[PDB]
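Report on one structure; see the data block that follows.
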Amino acid sequence: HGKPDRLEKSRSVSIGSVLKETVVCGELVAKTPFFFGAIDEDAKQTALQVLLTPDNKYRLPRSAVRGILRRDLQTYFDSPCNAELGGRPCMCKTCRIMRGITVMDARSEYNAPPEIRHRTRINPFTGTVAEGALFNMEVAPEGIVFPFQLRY
Amino acid sequence: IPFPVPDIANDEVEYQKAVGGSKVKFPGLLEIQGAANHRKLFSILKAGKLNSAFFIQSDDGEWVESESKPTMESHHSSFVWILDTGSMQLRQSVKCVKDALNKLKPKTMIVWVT
Amino acid sequence: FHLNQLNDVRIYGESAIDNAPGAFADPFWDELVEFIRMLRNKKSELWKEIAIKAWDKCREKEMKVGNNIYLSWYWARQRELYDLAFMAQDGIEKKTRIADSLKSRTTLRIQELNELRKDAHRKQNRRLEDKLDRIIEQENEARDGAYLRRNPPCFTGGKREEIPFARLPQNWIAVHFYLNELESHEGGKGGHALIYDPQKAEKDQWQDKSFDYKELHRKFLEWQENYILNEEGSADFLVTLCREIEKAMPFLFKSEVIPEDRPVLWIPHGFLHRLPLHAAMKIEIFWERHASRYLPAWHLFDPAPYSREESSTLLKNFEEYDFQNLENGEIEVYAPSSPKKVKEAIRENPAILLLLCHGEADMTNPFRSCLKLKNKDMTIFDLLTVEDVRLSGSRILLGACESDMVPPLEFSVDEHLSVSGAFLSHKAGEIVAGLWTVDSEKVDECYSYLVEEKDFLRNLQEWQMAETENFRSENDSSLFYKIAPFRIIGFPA
Amino acid sequence: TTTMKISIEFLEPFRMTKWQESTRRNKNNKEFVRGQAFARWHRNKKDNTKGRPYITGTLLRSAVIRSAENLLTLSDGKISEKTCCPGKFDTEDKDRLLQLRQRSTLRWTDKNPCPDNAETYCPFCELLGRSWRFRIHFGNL
Ligand SMILES: [Zn+2]
Ligand SMILES: [Zn+2]
């Protein structure tokens, strides 16, 4: 858990009277199957599990979308952010943009059950399955459409 | 009376709005009695962005730097008025004009007022 | 100690320190500081003896740390021991030695690597050059917090002589700063200015002036954040900060502390490396009384002659603006300059080198601060890995914005690794650079005068004073924001 | 006093903190301090998980204060014919406060805050409650 700093110093900052809001609307369309991992501790039969809503719709969560936005912004600027949790807000160019961004959590109309994939690992010496290396995976199909809304 | 020692004035000066992390030309020398270029100059001096200095001819015949200020908006009959954006460049060019009169940096201009 | 056998406390404590382990990762070093704090909190007179011996041992063994990575990881945790020894010690000169031993310990090692690369190049020891490149690469990785797969290599040090304070020339004054965090946190003043006048009899040569730095640090942080977000709308906060300098350090404008019209050498500490101390504002500005010069640390003091080469160069990549005064000087101008041209000029040891380009200080990692050259940025990392560099005694004028700025963060050790600092680590004679954004017209008109009148110390002061008379007529914050950023770094012969 | 009924409608799934014993609801518990921006669980009786969720009025108050800072920034401090001072966010007995502000405060004037013994306080200081006694009281949701 992030620990806030109680010796942090106080600052007043102007930012100015000029302030605009931009709204972007669209769709995010699955061109491949996809996997947002989330395990139910009470469901043991399946090893790797997909995130669903309580009524079994597929969910594109806000947390993942923000994480991917921050990752791609650091890819654009080509400079990683090193800041730790806690203390005064980070002033790097990515954090300043992310502090203006808002994104909707989204879900699908499609609600059919996921696929189950077999997966295994091969021992390279013998050419046969390694000890213990049999497992299975839930996968969400391609073609699902999610609403997308971003604001800055 | 035409401006003495005209050899030393610049041909043109070009002032430009500065930049960091919009041009105006002048012919380098003006002669004036106590109109486009005059209004252009008046615009810059009202903007407040040119340093300047003056010479005055003392009774012994030599030009001396005047103790005076060109406030916005004596017996003497002619003035040499030197202007530059750079304070230190002005202090150099005023020396050059003192030597010329009693026997320039690129952004310096001269005005001869009569 | 619990048995009040104080002579045996002295004996065992001395025996423990004398046999201390080399590695600062060892838990011994935590226990020693806890022991000294226990003695101090019980108000035992033993605490001052033990603290000074502990500092001397710690100082002895910092010398054996092999690279900046281990230096940042493990030695950085021993700062509190220097605070304690600084409080134990009563002699002002010895206080100054304790203070100075904490400063610019990473820059010293970068300087020694730059020296090593010279010898490798002239002897074509290629495999040593690769080792030198690996250490800088791993240091760059460590400042990004990355995991290091291989143990970084170790380098023995240069001939680190202890510089006598007497080597300051007779007409100067030196001000040494120290910010004692422990004393500050306990509610004391915590800020100290140690002032050396070499013209007085030896018993009167040192003064120790102390001040409270909490509010000055707050106003610094406030200006810094407003600068990052606005930026030139921060001019009023700059004026506020410069007035706060004089509020915190009223002794700067007293002749019995700093005698009349003698030049001053600053040796800052902590966030004081970031401030324009030359612009402290009583209206009266400090630069009207004294000319100023900066060093990161006193053990870096090394006067050498200016370069003999009858050649100078101006490199420009700045096409928005016409530098009419610089481009009509006697120095030839090449534009638009690429990093290859900069690398070419840097191995000719020019008398004067001018660079006119945009610049940008990084927000996270110092090594990513850069100059904006034609088709590619040149970073501090690039400068510190140029194979062939010859700048001993050169004079360097950086027209770039933020060329003397560092990230808005506090690193684990005292350090100022700006672009100007990078050039100083290559043994440049003196560097002129900007603490924040610089105006192109002011750059033109200042550097033209400096190039014409080749005495930077006096000529920068004359330029600053000549601009101040236009400040007084209206006290415009925007004009002060344009005069203030320039400062000189280094101390030539 | 006059009462203003309010309701909050969520458009997304909201987050909720894990319930903790009263010996652990203090500044030295990282888990409790991290959860202070979420909803809460209330147990009807401490030895049973049976309960229901709720939101503190303090959290809504903090969000409203941030919103008021932004609005006053856009109006250059004007609200009707009145003008707001910078507010006051400075407490001498720090250890009273479970949380301390880490972000910077938005600025719209150089003027100092209202005196602590004044009779008349600007609207922002009324909203801060600076004018057992409340002027604007936020209940739980
Ligand atoms: Zn960041
Ligand atoms: Zn108020």
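Protein chains in written order, with the deposited numbering: chain G, 383 to 534; chain P, 407 to 427, 437 to 449, 466 to 504, 513 to 542, 550 to 560; chain W, 252 to 533, 540 to 750; chain A, 2 to 132, 144 to 153.
All residues carry an ideal CB built from backbone N, CA and C; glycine is no exception.
_Exposed unless 16 or more other CB atoms sit within 10 angstroms - verdict on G88/A_ = buried
*Should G88/A be listed as close to ligand 2, given that the test is whether its C-beta is under 7 Å from any heavy atom?*
yes
*Can you pull the chain G residues whose beta carbon is under 8 Å from the beta carbon of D701/W, in chain order?*
The contacting residues do not exist; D701/W stays about 30 Å from chain G at best.
*asked:* Taking its Cβ as the centre, do 16 or more other Cβ atoms sit within 10 Å of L383/W, making it buried, or is it exposed?
replied: buried
_Against chain G, which members of the region 452-474 of chain W pass a CB distance test of less than 9 Å?_
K465, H468, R469, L472 and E473
_Helix, strand or coil for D463/W? Go by DSSP, reduced to three states._
strand
*With 9 Å as the limit, tell me which residues of the region 383-407 of chain G have their beta carbon closer than that to any beta carbon of chain W; keep them in chain order.*
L389, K391, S392, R393, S394, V395, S396, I397 and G398
*At a cut-off of 7 Å, is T725/W close to ligand 1 when judged by its beta-carbon and the heavy atoms of the ligand?*
no
*asked:* Measuring only the C-alpha atoms, how far is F150/A from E409/G?
replied: 39 Å
*So what does DSSP say about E520/G, is it helix, strand or coil?*
strand
*Measure the C-alpha to C-alpha separation of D455/W and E511/W and round it to an integer number of angstroms.*
17 Å
*asked:* Quick check on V670/W: does DSSP put it in helix, strand or coil?
replied: coil
_Straight-line gap, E520/G to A425/G (C-alpha atoms, nearest Å)_ = 12 Å
*asked:* Just to confirm, is the Cβ distance from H520/W to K312/W under 8 Å?
replied: no
*Measuring CA to CA, which of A302/W, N481/W, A452/W and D619/W is closest to residue 535/G?*
As shown, chain G starts at 383 and ends at 534. That puts residue 535/G outside it, with no answer to give.
*When the cut-off is 8 Å and only beta carbons count, does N732/W lie next to chain P?*
no
_At the level of alpha carbons, what is the spacing between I637/W and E605/W?_
19 Å
*asked:* Quick check: what's the CA-CA separation for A397/W versus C627/W?
replied: 21 Å
*Please list the residues of the region 59-90 of chain A that have a C-beta atom closer than 9 Å to any C-beta atom in chain G, keeping them in chain order.*
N71, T74, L75, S76, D77, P87 and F90
*What residues sit near ligand 1, counting only those whose C-beta is closer than 5 Å to one of its heavy atoms, in chain order?*
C463/G, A465/G, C472/G, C474/G and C477/G
*Mind checking if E476/W is an interface residue toward chain P, Cβ cutoff 8 Å exclusive?*
no
*Rounded C-alpha distance that separates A40/A from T18/A*: 6 Å
*If you count every other CB in all the chains shown that lies within 10 Å of the CB of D538/P, and 16 or more means buried, which is it?*
exposed
*Tell me, please, whether the CB atom of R448/G is closer than 8 Å to any CB atom in chain A?*
no
*What does a CB cutoff of less than 6 Å around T347/W pick up in its chain, not counting 5 residues either side in sequence?*
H427 and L445
_Is the beta carbon of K385/G closer than 8 Å to that of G468/G?_
yes
*Using a Cβ-Cβ cut-off of 8 Å, state whether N582/W counts as contacting chain P.*
yes
*Compare the Cα-Cα distances from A494/G to each of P506/G, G525/G and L455/G and report the closest residue.*
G525/G
*Neighbourhood of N582/W by C-beta, 7 Å cutoff - its chain only, sequence neighbours within 5 removed*: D701, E702 and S705
_Quick check on the DSSP output: the beta strand (DSSP E) that includes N482/P runs from which residue to which?_
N482 to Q488
*Is any heavy atom of ligand 2 found at a distance shorter than 7 Å from the C-beta of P116/A?*
no
*Collapsed DSSP secondary structure at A424/P in the structure displayed*: coil
_Below 8 Å on the Cβ atoms is my contact criterion, and I expect residue 536/W with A618/W to pass it. Report the Cβ-Cβ distance as a whole number of Å._
Between 533 and 540, chain W has no modelled residues, which means residue 536/W does not appear in the coordinates.
*Use the C-beta contact count for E434/W: other C-beta atoms within 10 angstroms, 16 or more gives buried, fewer gives exposed.*
buried
*asked:* Let me make sure I understand the geometry here. Which of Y440/G, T428/G and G398/G has the alpha-carbon closest to that of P415/G?
replied: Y440/G
*Please work out which residues of its chain come closer than 6 Å, Cβ to Cβ, to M486/G, disregarding the five sequence neighbours upstream and downstream, and give them in chain order.*
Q531
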